[PDB]
Amino acid sequence: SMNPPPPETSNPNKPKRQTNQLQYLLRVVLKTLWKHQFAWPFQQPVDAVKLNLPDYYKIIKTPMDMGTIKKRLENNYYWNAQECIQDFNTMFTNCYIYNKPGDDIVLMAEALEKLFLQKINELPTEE
Ligand SMILES: Cc1cnc(Nc2ccc(OCCN3CCCC3)cc2)nc1Nc1cccc(S(=O)(=O)NC(C)(C)C)c1
């Protein structure tokens, strides 16, 4: 195959904002998920060439990963928390679409998602 370029993480033409919810998403949510024992397959874009998955980007047209999310948060790429939450959800969904239920990678994603939802429930209120 060829891998696609990774998702954009910095846009000089996109307005930037720093809020307590976005700060929480970086300093608590991203941080906590990153350190999970099953996080590492989700820490960078899927290298479908290295993994020998010629159909990966035929099926997954909206790829997302936590390396990308980390950079977007760092670069104040998001205007609001929902845009970031959507990226996490896209990452999980992508795993559940490409892989069979019960597969080891799916069980890993499910562990991360449970933790994610726990942290999102404790999202601070704005301002
Ligand atoms: C985010 C993500 C979503 N889906 C997948 N699916 C997937 C990945 C690789 C696959 O290859 C199957 C056969 N090989 C697996 C290792 C020996 C040969 C089959 C399916 N992988 C993902 N990431 C991933 C990243 C790095 C390594 C691997 S892995 O192939 O080592 N799979 C685990 C053992 C981590 C479950 C997987």
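The basis for the numbers below is simple: all heavy atoms, side chains too, and nothing from hydrogens, waters or symmetry mates. Both ligands and their constituent atoms are indexed starting at 1 by order of listing. We number each residue from 1, following the sequence as shown.
Distance from atom 26 (C) of ligand 1 to its nearest protein heavy atom, with residue and atom name: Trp40 CZ3, 3.7 Å. Among protein heavy atoms, atom 8 (C) of ligand 1 sits closest to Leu53 CD1, 3.7 Å. Closest to atom 4 (N) of ligand 1 among all protein heavy atoms lies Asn99 ND2, 3.0 Å. In this structure, the protein non-hydrogen atom closest to atom 28 (C) of ligand 1 is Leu51 CD2, 4.0 Å. Of the protein's heavy atoms, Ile105 CG1, 3.8 Å lies nearest to atom 21 (N) of ligand 1. Among protein heavy atoms, atom 34 (C) of ligand 1 sits closest to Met108 CE, 4.9 Å.
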Quick one: do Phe92 and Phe42 satisfy ring-ring contact (aromatic ring centres under 6.0 Å, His included)? Show the steps, please.
CA-CA 9 Å; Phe92 296 129; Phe42 305 93; 7.2 Å; no

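For atom 10 (C) of ligand 1, the nearest protein heavy atom is under 4.0 Å away. For atom 15 (C) of ligand 1, the nearest protein heavy atom lies 4.0 Å or farther away. Per-atom contact check: atom 18 (C) of ligand 1 does not touch the protein, criterion being a heavy-atom distance below 4.0 Å.
Side-chain contact of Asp87 with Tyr78: a donor-acceptor pair under 3.5 Å is present, judged by distance alone. In the model, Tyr77 has a side-chain atom that pairs as donor or acceptor with a side-chain atom of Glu8 under 3.5 Å.
At a 4.0 Å heavy-atom cut-off, ligand 1 does not touch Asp65 at all. For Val46, every heavy-atom contact with ligand 1 shorter than 4.0 Å involves the side chain, none the backbone.
Taking every heavy atom of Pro41 and a limit of under 4.0 angstrom, the matching atoms of ligand 1 come to 1 (C), 23 (N), 24 (C), 25 (C), 35 (C). Within ligand 1, counting atoms from 1 as listed, the ones closer than 4.0 Å to a heavy atom of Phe42 are 1 (C).
In this structure the side chain of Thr19 never reaches within 4.5 angstrom of the side chain of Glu127, judged on heavy atoms.
For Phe38, the ring pair (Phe, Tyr, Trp, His ring centres under 6.0 Å) partners are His36, not counting sequence neighbours.
One finds a salt bridge joining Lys70 and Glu74 here, because a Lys/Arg side-chain nitrogen approaches an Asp/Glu carboxylate oxygen to under 4.0 Å.
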